[PDB]
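Structure record follows, encoded as structure tokens.
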Amino acid sequence: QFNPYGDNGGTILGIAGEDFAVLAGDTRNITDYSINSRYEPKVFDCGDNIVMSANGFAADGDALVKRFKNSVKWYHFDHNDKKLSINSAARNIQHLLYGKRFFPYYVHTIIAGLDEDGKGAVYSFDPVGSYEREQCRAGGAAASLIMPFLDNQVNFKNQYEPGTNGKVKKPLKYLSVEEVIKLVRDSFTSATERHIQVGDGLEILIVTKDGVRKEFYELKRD
Amino acid sequence: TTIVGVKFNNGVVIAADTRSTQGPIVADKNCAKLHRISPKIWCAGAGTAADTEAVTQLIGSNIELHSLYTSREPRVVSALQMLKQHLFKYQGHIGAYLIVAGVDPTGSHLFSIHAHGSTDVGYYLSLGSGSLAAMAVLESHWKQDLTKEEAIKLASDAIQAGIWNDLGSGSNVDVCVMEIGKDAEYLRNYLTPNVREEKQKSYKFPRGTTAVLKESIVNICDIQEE
Amino acid sequence: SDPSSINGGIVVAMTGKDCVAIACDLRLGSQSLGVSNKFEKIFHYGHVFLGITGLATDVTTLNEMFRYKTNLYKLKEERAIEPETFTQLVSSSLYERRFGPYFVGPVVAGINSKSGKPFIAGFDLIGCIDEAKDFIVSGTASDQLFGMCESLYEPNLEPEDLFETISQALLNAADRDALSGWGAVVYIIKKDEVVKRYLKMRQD
Amino acid sequence: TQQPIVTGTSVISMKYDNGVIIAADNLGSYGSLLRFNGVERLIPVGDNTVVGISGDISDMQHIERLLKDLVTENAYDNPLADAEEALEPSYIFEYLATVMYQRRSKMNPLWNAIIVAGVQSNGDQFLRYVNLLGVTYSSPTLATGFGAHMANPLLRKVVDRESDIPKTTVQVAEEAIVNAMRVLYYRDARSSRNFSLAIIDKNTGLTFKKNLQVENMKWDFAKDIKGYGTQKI
Amino acid sequence: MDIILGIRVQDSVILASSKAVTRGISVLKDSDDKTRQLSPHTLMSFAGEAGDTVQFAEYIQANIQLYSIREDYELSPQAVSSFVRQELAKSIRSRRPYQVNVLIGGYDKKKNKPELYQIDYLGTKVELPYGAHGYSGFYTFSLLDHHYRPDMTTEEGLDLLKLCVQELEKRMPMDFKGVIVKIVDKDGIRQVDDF
Amino acid sequence: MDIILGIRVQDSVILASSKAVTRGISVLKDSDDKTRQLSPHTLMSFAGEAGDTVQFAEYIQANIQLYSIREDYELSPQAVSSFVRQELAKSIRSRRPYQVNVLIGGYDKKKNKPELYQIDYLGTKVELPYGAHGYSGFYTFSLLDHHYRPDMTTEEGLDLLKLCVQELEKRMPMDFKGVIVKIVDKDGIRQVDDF
Amino acid sequence: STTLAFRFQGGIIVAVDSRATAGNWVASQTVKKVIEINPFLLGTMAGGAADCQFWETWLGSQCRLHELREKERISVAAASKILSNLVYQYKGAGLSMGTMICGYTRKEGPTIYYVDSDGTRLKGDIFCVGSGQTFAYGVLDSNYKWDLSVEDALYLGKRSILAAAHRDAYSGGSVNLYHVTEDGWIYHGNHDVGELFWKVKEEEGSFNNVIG
Amino acid sequence: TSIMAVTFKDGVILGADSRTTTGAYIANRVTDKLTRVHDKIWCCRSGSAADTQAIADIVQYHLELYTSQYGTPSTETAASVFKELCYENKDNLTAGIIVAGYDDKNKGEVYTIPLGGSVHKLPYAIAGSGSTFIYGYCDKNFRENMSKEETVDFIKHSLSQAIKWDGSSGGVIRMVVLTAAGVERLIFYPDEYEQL
Amino acid sequence: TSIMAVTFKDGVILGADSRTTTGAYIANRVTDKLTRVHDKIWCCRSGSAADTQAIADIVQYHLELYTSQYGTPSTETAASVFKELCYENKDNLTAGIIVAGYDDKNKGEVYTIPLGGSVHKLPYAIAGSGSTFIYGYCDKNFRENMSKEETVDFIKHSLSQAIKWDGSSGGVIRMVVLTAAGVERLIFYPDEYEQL
Ligand SMILES: [Mg+2]
Ligand SMILES: [Mg+2]
Ligand SMILES: [Mg+2]
Ligand SMILES: [Mg+2]
Ligand SMILES: [Mg+2]
């Protein structure tokens with residue numbers, strides 16, 4: 001029997017800062033126990049200061065990103081070159097995904113950018129288009145390895161102030177882009193150690209009011 | 001898992017990677033896959049890890065008793081015959097796929113054995129999920145009358161092909177060299193090409209970070225006198 | 001249906017400088033239903049500690065079985081069993097049920113009384129030994145624990161620093177698992193003192 | 001949904017400093033029966049592209065006709081059909097990738113794995129993969145089926161990353177490809193000794209080599225191998 | 001069978017068990033006592049597959065009574081619950097396992113403490129202040145979690161039990177025909193004949 | 001849903017329908033009215049698959065009300081029951097059939113006669129002195145076969161209906177939370193608010 | 001998942017948990033399970049997250065078109081029926097929904113409709129839907145009165161979700177509270193279950209089984 | 001697998017390819033499928049490698065114990081022992097074995113034991129997946145009382161074609177010659193037989 | 001079924017057995033499997049009799065309409081029409097067809113269309129269940145540019161062996177010769193070919 005779906009592995013990570021957002025993903029593409037490519041870009045600049053990644057089945061991922069980029073193009077045509085806001089992009093992606101509710105894009109989608117107040121924004125989608133604005137979201141193979149670490153190190157969960165013994169929580173102080181990138185790199189280094197589908201390279205797209213910037217880092221290739 | 005065996009001039013060499021996995025998760029990053037059946041008969045195992053270990057220890061145990069009974073040093077063919085008849089009896093339910101190599105008074109030997117109990121003879125062999133990557137290297141560079149140094153080089157290169165190309169394999173290369181008229185030399189972590197880079201951050205917590213409800217001393221000592 | 005995830009729960013063990021730590025959650029459930037918040041999964045036979053995750057009836061059965069066996073061991077050997085020896089006993093005992101196994105994920109932790117060397121080990125349900133230098137994880141949130149440990153762990157932590165590391169590893173892993181939590185215990189083990197600490201955590 | 005009937009095995013390929021090499025054997029298998037021995041599975045499109053196809057041969061022949069039609073169609077009302085508006089490897093691939101993904105989305109796939117090898121207008125090497133699921137990816141070395149498991153490890157020893165491509169000559173690349181084809185002949189039960197090899201170079205253009213054979217084979221060591229364990233004679 | 005509840009209060013254990021016995025289409029009985037006295041101060045209620053429930057309960061009863069005669073001594077509730085658990089843990093890997101879940105309510109005369117043990121057919125034992133089997137806990141535990149106190153009197157335990165049964169009668173689809181309630185304390189076992 | 005009963009006496013038709021609505025594990029409602037007035041002297045009770053029951057009932061109601069306005073005339077119970085049967089007979093060979101069983105109780109103003117029609121989801125229609133759907137008939141028909149008389153008063157019909165409901169409450173495993181009872185006669189449709 | 005809604009003297013209380021799971025894996029603790037259909041209508045999220053989100057914001061669009069055309073606020077009856085009729089068209093295709101459509105109009109007063117993906121539409125006073133519904137029902141049934149104050153009703157809804165969050169493995173994270181009045185709904189904050197549990201345990205004396 | 005045994009004037013010759021596959025992967029390209037159960041009684045194995053090895057080892061044991069007590073066994077006796085194992089355990093075996101041997105009294109003899117565990121004495125026998133493609137060729141070209149050189153050519157040509165068409169067959173063509181003169185092993189490489 | 005078509009010096013010859021079975025019952029022992037789609041374009045049918053008859057009838061219709069408009073079609077054109085039907089309807093067909101024809105420009109040509117609906121131009125082709133047993137024989141004995149008498153002998157001997165080993169094949173050997181001289185039908189009976 002023909003199985004229209006596949007699993008291309010990969011892990012992605014979106015983190016919203018105070019006036020920035022990062023969307024990171026490993027560059028390894030796999031099927032089963034084989035490596036297809038050590039560098040296959042997975043996070044894409046879609047224009048209007050929006051970055052996107054649709055992780056999971058790469059054919060559906062590429063199709064969705066392609067159709068969203070196309071939606072941005074036609075949004076400009078139809079609405080006098082108006083900038084597509086991140087919240088508007090998010091709602092639009094829900095409809096793209098739910099349009100195939102009974103034959104879904106087998107992907108976990110994350111977009112990142114800035115909201116209309118200039119604050120960092122990350123949106124997270126399930127395969128059929130349910131979505132939410134989030135501060136922190138890992139997706140894909142090693143998501144279960146990364147999220148607990150982020151709960152602890154970004155949101156300071158289970159951390160209390162020494163001397164109070166559980167009475168006062170560690171205060172949620174804002175992280176800089178350099179601080180976030182450290183946590184992203186350590187998340188992917190740790191995921192590479194313990195997950196076979198994670199490795200080769202890490203590509204991070206950083207979104208600020210100045211635009212989209214890229215950073216690349218080597219990961220272990222075993 | 002990637003495991004290989006390579007015959008050379010005056011003996012045989014076996015090698016293996018050091019990654020053990022549960023599904024897509026790496027359970028141990030420095031697993032020991034080279035098992036000792038007897039001092040100069042070593043084997044490497046792929047498949048169900050408990051079965052490869054258990055079947056090796058059982059035959060190794062019986063091989064030792066047989067050696068004591070006969071006043072002779074164990075033979076690879078005895079290990080091979082005992083392994084295959086045990087595995088055949090269980091009809092593949094013991095998921096042990098082994099490459100058995102060694103030296104004995106008869107000479108140097110290299111065999112593969114499969115969970116259902118079939119065995120094969122060869123000058124070079126590979127087993128596990130990275131066996132195709134390894135066999136590609138072996139088929140490209142193997143020749144007759146390899147030296148000890150060439151065989152170690154070929155074996156470890158074949159394991160590396162598995163490490164880099166097979167997701168089921170990774171970390172380090174273990175090697176064991178069994179030469180005629182010599183002690184078998186086990187070379188644990190012969191290659192170490194996958195050391196983790198230093199992390200960006202130390203995650204050592206301040207003391208008192210964790211909330212505690214109760215403390216108590218656990219009595220590990222036995223009932224005391226007086 | 002899957003026997004290893006009916007009751008839920010987790011165990012984690014770590015090595016430090018002249019010390020080991022072993023920790024577990026306290027939940028016992030019947031799938032979605034929480035049943036007990038006092039189901040401890042760590043036991044000890046002399047100075048050797050054993051954590052067991054998985055099917056709760058087997059956890060109880062194996063504890064009773066290893067108490068049985070270590071008691072006879074001690075009477076005959078005239079000494080307490082060591083972590084290295086006990087690890088082999090666990091492996092042997094599990095593999096004897098090769099084709100009708102206990103649905104468990106055991107974890108051994110302890111310090112060899114003669115060498116003073118810290119020791120930890122893990123097993124699959126069928127007896128395969130994972131003897132890691134750094135940490136061992138087990139249970140329904142083992143993926144989460146692997147992620148926590150891999151990033152939080154560093155070698156040669158002092159007992160009171162190791163406590164914080166293993167506690168934060170357990171707590172944050174458990175909070176990302178529906179079938180783990182409802183309390184937690186951490187054992188800090190040194191050559192001749194062991195401290196047991198119950199942690200405060202969210203009760204959902 | 002169907003099942004492949006007459007099938008072609010591995011297609012292997014790699015980039016080198018001035019272009020790309022692609023190779024595939026000339027066998028059309030019918031299950032375990034080695035039925036057809038003169039099947040060309042590398043199909044050139046113009047003088048800048050070679051499409052290598054594995055899997056179902058009836059679908060391959062369909063794709064071959066689509067590519068032939070693509071060349072005809074491109075020439076229509078196109079004075080620069082043999083110059084600036086000629087078909088690029090990237091145009092040919094994107095078209096095939098669209099077709100493959102559309103067909104899998106209708107639950108009626110073209111049962112193939114395809115590698116499009118070529119050189120772009122600006123001299124850039126093009127090498128990209130697409131299969132029956134519409135999955136696409138690029139890499140310095142690409143291989144389908146058994147080639148993915150056995151050829152890639154060997155070819156990656158020559159070009160392990162992007163920076164190795166300019167250091168790799170056409171002689172070294174072809175040597176690596178030819179060795180890989182021998183290794184596949186040793187180890188793939190659905191392979192043949194006869195194969196085709198195509199080189200697309202930005203300077204010397206398309207060189208298409210037919211009727212190549214696997215040579216320099218090692219078999220002599222077989223004479224010493226006796227029994228399966230204890231047999232001496 | 002269906003609903004079996006247990007609650008351990010200050011000085012006693014209270015077991016409530018439904019009276020209905022349903023053979024698929026018809027309710028054959030509405031006065032069934034799903035309990036056995038194992039010893040003077042130990043009571044076991046049970047629910048599970050037909051036949052196996054009573055067979056298991058009476059088998060346990062016979063064994064505890066045998067022990068009582070041999071040693072002229074009543075086993076502690078803890079000892080009885082451990083014996084029962086082992087039998088079920090043995091049973092789950094048998095050719096045909098006992099499909100029986102039990103609650104063991106006992107008063108320990110040595111420690112002067114009530115004790116409630118919950119054991120399912122797998123041999124999963126837990127000591128609890130209050131327990132249930134099947135879906136009974138889904139409806140009743142939120143009420144017990146709210147109102148339960150370890151220093152409750154027997155009368156307060158019965159009132160909290162009535163609230164649990166009322167919630168069951170409201171939200172459960174099945175008619176379990178009320179419950180038989182029994183109290184286990186220092187004076188032994190007695191049945192509340194009006195509930 | 002579950003139990004729907006009907007009884008045609010001397011001068012009226014009485015429909016009794018359970019009040020429970022169960023979503024698998026929980027009883028979501030205990031006051032549900034499983035009936036629709038199709039016309040002033042015609043009532044239809046219904047039971048079957050969730051959603052389809054009400055959807056079908058309201059669809060029929062809309063059609064009969066449309067006919068009533070167009071012709072300024074109330075269709076006879078027989079005519080209404082024939083229309084309903086055809087809709088279900090059409091439905092059973094559809095892509096997704098209505099899984100709905102109905103009782104139609106009407107008073108024919110032309111003939112001055114009460115009439116009870118039983119129609120299942122296949123479009124199987126029968127005119128009866130008393131009827132039911134599902135398992136309701138298994139428990140109640142032996143009582144109705146014994147006591148029923150064609151010259152019964154409305155009060156006697158209600159008493160016989162009470163005996164039927166009592167037998168259902170005794171022997172049925174499910175708690176259907178009592179019944180809503182409605183009477184259809186020459187003066188129209190009314191609900192017995194104490195039953 | 002645990003969602004509830006109940007009618008009372010002061011209108012409607014809507015209370016939900018915040019947890020989303022994929023098997024044993026807790027995907028999120030910050031899920032918004034109340035859908036703000038418009039400033040006067042609320043819907044709850046249970047079953048399929050996408051199905052509930054998509055079709056209840058779609059419902060908001062239909063409600064807006066109704067009041068533009070009819071120059072009058074849509075009734076809760078009409079609004080709930082638009083949704084139930086829609087999902088009934090899809091019956092069999094595999095939609096997963098269990099929701100309470102909550103509103104307060106002049107003609108109806110406070111009204112709650114349970115709407116289901118198999119086509120069920122039920123008007124009622126108390127509804128509770130999700131994996132932890134049985135636990136929340138216990139607290140609701142034993143403490144509910146029509147003459148509850150807005151303050152006590154809000155607490156009852158909060159306490160009932162907490163009961164479910166504690167016992168049900170697939171419920172927790174935080175509690176979202178809403179109070180629906182005739183002039184529109186009023187949000188009454190997000191309440192972390194971890195912090196709420198200990199607070200309620202101490203102040204109420206409940207959960208003696210748990211060591212704090 | 002392509003295996004055959006052919007009787008000729010001076011005795012019998014066994015022939016076999018050397019390919020063993022696991023699906024489409026060639027697990028061993030230099031397999032020895034010609035196995036010795038006694039000095040001048042050999043067999044060709046097809047089917048499950050585990051089964052045919054297990055069977056052949058048991059037969060070798062039986063004939064070794066036979067020889068110690070009763071002297072050299074006949075080829076018929078060897079075939080009977082094979083058959084006994086294959087027939088009695090037919091539910092749990094996948095084995096197709098050709099038994100070939102040389103007596104001085106009986107000379108060259110060939111017995112084939114197909115899946116069911118029946119025995120068939122033949123002038124020559126072919127078996128394995130590749131044999132299907134050479135039924136026509138072998139039937140047309142076999143003659144009784146051929147010379148050693150003719151029989152070697154017949155087997156070489158036959159297995160050449162079997163290898164050509166069957167993907168499960170390949171590698172080298174191994175042969176074992178059984179005569180009064182003794183036991184002779186032959187091997188033929190791809191470059192030789194592919195050009196035939 | 002055993003079918004084949006062989007090109008030779010003067011054109012092409014199609015050959016076939018005459019057995020059609022329903023399980024082990026021979027429903028027709030004198031079947032004509034050599035069917036005419038045009039004057040000098042014929043085909044051999046294997047697989048579902050209903051499918052291959054339906055296909056052949058449609059092709060004959062297409063080539064008749066082709067001829068009325070564009071004159072005599074090529075053998076390649078006929079093969080293309082066959083392929084179009086077989087490929088586009090591969091999910092609902094079980095047909096293995098060999099197309100053979102004679103042009104004056106191209107002379108004898110053979111195309112085989114196996115199950116998938118692919119096309120393969122060959123010097124000769126074999127198909128049907130019985131063809132498996134004569135791959136070895138045909139490959140060894142086929143030569144290009146044979147005479148009519150040699151090609152008749154080649155086909156007769158080949159199909160003789162196919163019939164001998166395949167239970168699904170049998171009856172008479174039918175042949176159709178396509179040359180510039182015209183169309184000649186041949187038939188060979190069991191008593192003739194069984195003694196070969
Ligand atoms: Mg990795
Ligand atoms: Mg948790
Ligand atoms: Mg919870
Ligand atoms: Mg077998
Ligand atoms: Mg071959």
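Labels for the structure tokens follow display order: chains A, B, ..., residues from 1 in each chain, ligands from 1.
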Compute the set of chain B residues within 8 Å of chain D, using only C-alpha atoms, and express it as a PyMOL selection string.
chain B and resi 77+80-81+111+119-122+132-133+135-137+139-140+144+161+165
Enumerate as a ChimeraX atom specification the residues belonging to chain D that approach chain I to within 8 Å, with only C-alpha atoms taken into account.
/D:2,4-6,57-59,61
May I ask you to write as a PDB file with N, CA and C atoms, in the first residue's frame all residues lying at most 6 Å from ligand 2, with only C-alpha atoms and all ligand atoms counted?
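As written to disk, part.pdb reads:
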```pdb
ATOM      1  N   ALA C 174       9.513  15.797  34.785  1.00  0.00           N
ATOM      2  CA  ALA C 174       8.215  15.322  35.275  1.00  0.00           C
ATOM      3  C   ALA C 174       7.063  16.260  34.911  1.00  0.00           C
ATOM      4  N   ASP C 175       7.341  17.560  34.884  1.00  0.00           N
ATOM      5  CA  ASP C 175       6.323  18.557  34.559  1.00  0.00           C
ATOM      6  C   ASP C 175       5.964  18.577  33.072  1.00  0.00           C
ATOM      7  N   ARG C 176       6.777  17.920  32.243  1.00  0.00           N
ATOM      8  CA  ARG C 176       6.460  17.729  30.825  1.00  0.00           C
ATOM      9  C   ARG C 176       5.925  16.320  30.527  1.00  0.00           C
ATOM     10  N   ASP C 177       5.587  15.573  31.579  1.00  0.00           N
ATOM     11  CA  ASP C 177       5.031  14.227  31.446  1.00  0.00           C
ATOM     12  C   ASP C 177       3.740  14.113  32.254  1.00  0.00           C
ATOM     13  N   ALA C 178       2.665  13.707  31.584  1.00  0.00           N
ATOM     14  CA  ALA C 178       1.353  13.580  32.211  1.00  0.00           C
ATOM     15  C   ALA C 178       1.330  12.512  33.305  1.00  0.00           C
ATOM     16  N   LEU C 179       2.100  11.443  33.109  1.00  0.00           N
ATOM     17  CA  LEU C 179       2.081  10.286  34.010  1.00  0.00           C
ATOM     18  C   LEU C 179       3.185  10.286  35.076  1.00  0.00           C
ATOM     19  N   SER C 180       3.931  11.384  35.192  1.00  0.00           N
ATOM     20  CA  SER C 180       4.947  11.527  36.240  1.00  0.00           C
ATOM     21  C   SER C 180       4.688  12.770  37.079  1.00  0.00           C
ATOM     22  N   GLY C 181       5.159  12.739  38.326  1.00  0.00           N
ATOM     23  CA  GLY C 181       5.036  13.872  39.248  1.00  0.00           C
ATOM     24  C   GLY C 181       4.402  13.489  40.575  1.00  0.00           C
TER      25      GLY C 181
END
```
Residues within 10 Å of ligand 5, counting only C-alpha atoms and all ligand atoms: report them as a ChimeraX atom specification.
/D:32-34,185,188-193 /H:1-2,17,19,130,160-171
Could you give me, as a PyMOL selection string, the residues within 6 Å of region 1-11 of chain G, counting only C-alpha atoms and dropping anything in the same chain fewer than 2 positions from it?
chain G and resi 13-17+110+125-133+146-147+150+170-171+180-181
Helix (DSSP H, G or I) per DSSP on the backbone: members of region 1-212 of chain A, as a PyMOL selection string
chain A and resi 58-78+86-98+143-153+177-194
Which residues of chain B come within 12 Å of ligand 1, and for each one, what is the closest pair of atoms and their distance in Å to one decimal, counting only C-alpha atoms and all ligand atoms, sorted by chain and residue number, as JSON lines?
```
{"residue": "B:19", "atom": "CA", "partner": "ligand 1", "partner_atom_place_in_ligand_line": "1 (Mg)", "distance": 10.5}
{"residue": "B:21", "atom": "CA", "partner": "ligand 1", "partner_atom_place_in_ligand_line": "1 (Mg)", "distance": 11.0}
{"residue": "B:24", "atom": "CA", "partner": "ligand 1", "partner_atom_place_in_ligand_line": "1 (Mg)", "distance": 9.0}
{"residue": "B:25", "atom": "CA", "partner": "ligand 1", "partner_atom_place_in_ligand_line": "1 (Mg)", "distance": 8.9}
{"residue": "B:26", "atom": "CA", "partner": "ligand 1", "partner_atom_place_in_ligand_line": "1 (Mg)", "distance": 8.3}
{"residue": "B:27", "atom": "CA", "partner": "ligand 1", "partner_atom_place_in_ligand_line": "1 (Mg)", "distance": 12.0}
{"residue": "B:29", "atom": "CA", "partner": "ligand 1", "partner_atom_place_in_ligand_line": "1 (Mg)", "distance": 10.5}
{"residue": "B:163", "atom": "CA", "partner": "ligand 1", "partner_atom_place_in_ligand_line": "1 (Mg)", "distance": 10.4}
{"residue": "B:164", "atom": "CA", "partner": "ligand 1", "partner_atom_place_in_ligand_line": "1 (Mg)", "distance": 10.0}
{"residue": "B:165", "atom": "CA", "partner": "ligand 1", "partner_atom_place_in_ligand_line": "1 (Mg)", "distance": 11.1}
{"residue": "B:166", "atom": "CA", "partner": "ligand 1", "partner_atom_place_in_ligand_line": "1 (Mg)", "distance": 10.3}
{"residue": "B:167", "atom": "CA", "partner": "ligand 1", "partner_atom_place_in_ligand_line": "1 (Mg)", "distance": 7.3}
{"residue": "B:168", "atom": "CA", "partner": "ligand 1", "partner_atom_place_in_ligand_line": "1 (Mg)", "distance": 9.4}
{"residue": "B:169", "atom": "CA", "partner": "ligand 1", "partner_atom_place_in_ligand_line": "1 (Mg)", "distance": 9.6}
{"residue": "B:170", "atom": "CA", "partner": "ligand 1", "partner_atom_place_in_ligand_line": "1 (Mg)", "distance": 8.2}
{"residue": "B:171", "atom": "CA", "partner": "ligand 1", "partner_atom_place_in_ligand_line": "1 (Mg)", "distance": 9.6}
{"residue": "B:194", "atom": "CA", "partner": "ligand 1", "partner_atom_place_in_ligand_line": "1 (Mg)", "distance": 10.5}
{"residue": "B:196", "atom": "CA", "partner": "ligand 1", "partner_atom_place_in_ligand_line": "1 (Mg)", "distance": 11.2}
```
